[PDB]
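Read in our numbering, the sequence shown has 217 at position 210, and its numbers run on one by one without any break. We treat Cβ as the ideally placed atom computed from N, Cα and C, and that holds for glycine. Down below is the structure, laid out as structure tokens.
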Amino acid sequence: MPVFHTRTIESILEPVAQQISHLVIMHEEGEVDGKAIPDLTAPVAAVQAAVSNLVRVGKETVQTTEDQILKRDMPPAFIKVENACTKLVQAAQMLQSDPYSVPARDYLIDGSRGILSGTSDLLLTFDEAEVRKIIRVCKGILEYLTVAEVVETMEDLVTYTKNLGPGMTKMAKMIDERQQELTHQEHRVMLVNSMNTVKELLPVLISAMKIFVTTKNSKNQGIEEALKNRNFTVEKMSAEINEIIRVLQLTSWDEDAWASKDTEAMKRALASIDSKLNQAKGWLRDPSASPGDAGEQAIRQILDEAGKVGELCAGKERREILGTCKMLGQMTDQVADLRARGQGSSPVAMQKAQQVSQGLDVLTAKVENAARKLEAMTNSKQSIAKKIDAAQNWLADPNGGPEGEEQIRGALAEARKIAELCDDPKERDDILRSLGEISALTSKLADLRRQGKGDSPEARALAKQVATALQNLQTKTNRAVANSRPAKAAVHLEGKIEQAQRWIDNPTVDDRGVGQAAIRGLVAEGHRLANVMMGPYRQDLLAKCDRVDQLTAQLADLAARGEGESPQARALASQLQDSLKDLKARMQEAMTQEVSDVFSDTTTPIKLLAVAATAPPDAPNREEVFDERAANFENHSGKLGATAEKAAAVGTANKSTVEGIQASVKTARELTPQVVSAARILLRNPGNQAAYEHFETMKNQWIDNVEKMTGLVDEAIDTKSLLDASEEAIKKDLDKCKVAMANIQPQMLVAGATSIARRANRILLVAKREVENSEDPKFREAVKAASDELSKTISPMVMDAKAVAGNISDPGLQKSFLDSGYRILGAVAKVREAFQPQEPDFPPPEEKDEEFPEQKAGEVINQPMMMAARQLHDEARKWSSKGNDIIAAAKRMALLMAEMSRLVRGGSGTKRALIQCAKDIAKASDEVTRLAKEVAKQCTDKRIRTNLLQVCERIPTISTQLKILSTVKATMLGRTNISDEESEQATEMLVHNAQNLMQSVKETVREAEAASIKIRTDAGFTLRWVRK
């Protein structure tokens, strides 16, 4: 199993794997061809100097090292390569004498693989050492955070403050440097996102603690939220640090990446069903409730959160939960319906309203039971993790104590819960099996630790045998958990529709449920959007949703039978594959509008909350009025979060923005009650300057993260669309204004002028951002001016809106208002213009690219890979390679991969034709990266160029491993005889890299043409983007 989680490792294995690559061409050039191997005293002498110094430096390290784990793990490593090279120096002797020596041309192949694996495994050792040091400093912070609560003093807090600060500073540094070194960007993300949070939390801890050694000392009505936050703030930070430690130990694709998000998302839905249960019941507990108020929604929210969880389950529970939701909701339809006749008191109108109310209880029970089963695995997985780590050290010292051996007992016991909790007897078995060997060897080495500790590597052959076996067990278990949760659909809009399509096409072929899952996700977002709208709108959306649900149900059932190519199995495919199209569009417009309103005003509620907290100890309705505000706040923060999540969902941006948005969203959810408490602290503890410094901190902290989210959501909307929606909204606001003056209600008037001013201000924000994001003189100036005009248009309307406050019926005042009004709307068209795409200007025989070869009649294909090539090719297949090198390289490697979807599985002559397929791809890999970097440079749009470059840095890394990997397979494909964990895993990794690669290429193609419209003054020319 090769490992290349870092830059150094790839840097050292790249060349090595290269030499061997050459020792193989010959070895196969003699094994199947004609004339055998030549003389290789120099080549095989090269492999020597390489691994030589390596092994050497390892030796100086092993000796001069305090680390027990390096002491034990390192040595076996050197040993590996020594034999691997002294088996090639030998193999070459017989090859120098009797070149045709067959028994010698096998000292090579099996000696060729040794050099690789041996070097990887040695290097791997240095790293784990490197990581341990970080991890140590990490646990420190964790532990020292424990201490936090045991602080009631002041000078005591001070000691803390200066003891933590540095260690924290040291951690951040170590971590920074570390990610700088990873080759898995994803891993680099989590590390930085985690370290960020932790940083920003620190101050919060401090502040709380002081606000603590203030009230708790006083003994009044404030500590109720003091020990709260202080304790909460800590439990969060120690969670991220744990996450960091977790991510650090990684050396390949995240296994259970979604493990956290899942158990945490199942927590929001529970808390959300919990916080709306009553409210939706109170509706069915009243035949006199309006078919659309809060109550009608609460039922709907509950059912949303319900399927959210349902979706995290598998088949049975998944379909049972979703099924329930369907009828429960469809039933509410019948209910609120009959209320639409006056027979809400019909015996049925209350006998279905209870039928549903009681169903809500069954459903809540079902989801809770599911949440539990999923968190049980989560805990177990975590338990196992800590235990194997505690027994890591007990294995390092030949002088352990039954305790450490009691950590290995616990590990297997926990691994036993994961087995029970399992539902595929095959996986559970493979687990329980291992426990028997591990349990043994751990006992067989325990004895020897009293019967002559065997401090001399004689026990090592066990203490290592075990540490390794434990490692294998933690992998089996991880899959069990992984394989327990269904495959997820793409996060972003585009990715879903794509996946949706695929299945639509081949409803027969295994996507692993992904296609129908993507459809479910979309419809779910459709319902989410709709359950927020009104009249026919909410019902019209819901119509097309139910419409797609019905179509997919049908198509899936046909295909299920056998009919995977029938007439309706197309007529349906068509009615559906066109149904999403209308939906995608319907939802995007839909979300743009929602964003206009929810995000209009974001600081008001927090203001009243801020105001309230300070209010005079004698203020009337004190303690009742505030509460009315804390509510009104938490409620709004929720709606913001909800909305931004829809923008993430159905908007336009990649995992780039989506993650950042979902990021701020979670946050908001955390600091919402925090703030809402620090606001209550100061209420029952006025004056107390520690109360202002704290609550101010929190609020402003929340007020930041918001604008961070406000900005991002706006970047999910297409600027042109945003401006448009903004212009209409301003127009209709001017209408509510006219109706106010017509009915004489200065409050109705003002509220519209107010909203208008907000609206126009937002426009200025979008503009400023749009301008900073550009390097193009024309644009920045055009937009700059228009936006300058707009501002002057703002205040005059506001004061004129104020004048007509009094004389709402007085003309000359409403004229001076409406006049300044249309003056805004005027300037807004002026800024809309500056965004207008540019008006086109004024300045063959054929093109014959090669088709896609797939027809191989049940030939030895590797499905997963063939897919990737196919998908990639399909994308490039849309354009012409004519005047487009990126397209060419794409199209080429597409086919250059299908040629690999053949060699991957053993064969005849492969081993060479493979080492070539990779090299060929990697050379193409190098052309895209190079051209994409250029298009990036000619781009005046900082965002795109920043995205373009983002997909580039990945290609190189990817193609490299693709080489190193292929070089390995070639080593163990020459013997198409038996199968083992080695050949199997390496083949597995190969596909994964070939997957990431075909993806990063579609991406580079997309962003490449995206940046195509933002290039100007025509320097080095462009790529000719034209569809065929």
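Neighbourhood of residue i by C-beta distance below 6 Å, restricted to the same chain and skipping five residues each side
i, result
"residue 1037", "What the structure shows of the chain is the stretch from 8 to 1035, and residue 1037 is not part of that stretch, so it cannot be assessed."
"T978", "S119, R120"
"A685", "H701, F702, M705"
"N891", "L1030, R1031"
"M907", "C924"
"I32", "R919"
"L903", "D927, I928"
"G759", "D740, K743, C744"
"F219", "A233, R237"
Beta-carbon gap between residue i and residue j smaller than 7 Å
i, j, result
"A215", "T240", "yes"
"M594", "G533", "yes"
"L291", "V363", "yes"
"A420", "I438", "no"
"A841", "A789", "yes"
"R14", "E137", "no"
"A99", "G125", "no"
"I971", "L130", "no"
"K551", "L590", "yes"
"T222", "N692", "yes"
"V713", "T609", "yes"
"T190", "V10", "no"
"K503", "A494", "no"
"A901", "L921", "no"
"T974", "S28", "yes"
"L428", "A383", "yes"
Residue burial classification, residue i (beta-carbon count within 10 angstroms, cutoff 16)
i, result
"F640", "buried"
"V618", "exposed"
"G336", "buried"
"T475", "exposed"
"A468", "exposed"
"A276", "buried"
"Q862", "exposed"
"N768", "exposed"
Sequence-distant residues of the same chain with beta carbon closer than 7 Å to residue i, five excluded per side
i, result
"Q414", "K394, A397, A398, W401"
"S798", "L771"
"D404", "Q75"
"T515", "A566, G571"
"residue 1037", "The question about residue 1037 has no answer, for the chain in this structure spans 8 to 1035."
"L587", "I504, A507, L529, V555"
"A343", "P298, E303"
"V665", "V498, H499, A655"
Residue span of the alpha helix (DSSP H) that contains residue i, given as start and end
i, result
"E882", "870 to 883"
"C959", "949 to 959"
"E188", "Segment: none, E188 is in no alpha helix (DSSP H) and carries neither H nor E."
"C92", "75 to 92"
"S671", "662 to 688"
"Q582", "575 to 584"
"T126", "116 to 154"
"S28", "14 to 38"
"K809", "801 to 813"
"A466", "It is not in any alpha helix (DSSP H) - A466 carries neither H nor E in the DSSP assignment."
"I280", "265 to 281"
"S364", "360 to 400"
"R435", "432 to 454"
Nearest-angstrom beta carbon gap, residue j and residue i [assumed within contact, 8 Å]
i, j, result
"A943", "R937", "Not really, about 11 Å apart at Cβ, beyond 8 Å."
"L1004", "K918", "With 8 Å as the limit, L1004 and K918 do not qualify as a contact, their Cβ atoms being about 21 Å apart."
"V935", "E1010", "No, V935 and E1010 are not in contact; Cβ-Cβ is about 10 Å, not under 8 Å."
"residue 6", "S888", "Within the shown structure, residues of the chain are numbered from 8 to 1035, placing residue 6 beyond reach of any answer."
"residue 3", "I280", "An answer regarding residue 3 cannot be provided, because it is not within the stretch 8 to 1035 covered by the chain."
8 Å Cβ shell around residue i - same chain, five flanking residues per side excluded
i, result
"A749", "none"
"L30", "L47, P50, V51, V54, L95, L115, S119"
"residue 1", "Outside the displayed range of the chain (8 to 1035) lies residue 1, so it cannot be described from this structure."
Residue-chain proximity (residue i, chain B), Cβ-Cβ < 7 Å
i, result
"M872", "Going by chain labels, chain B is absent from the structure shown, which holds only one protein chain."
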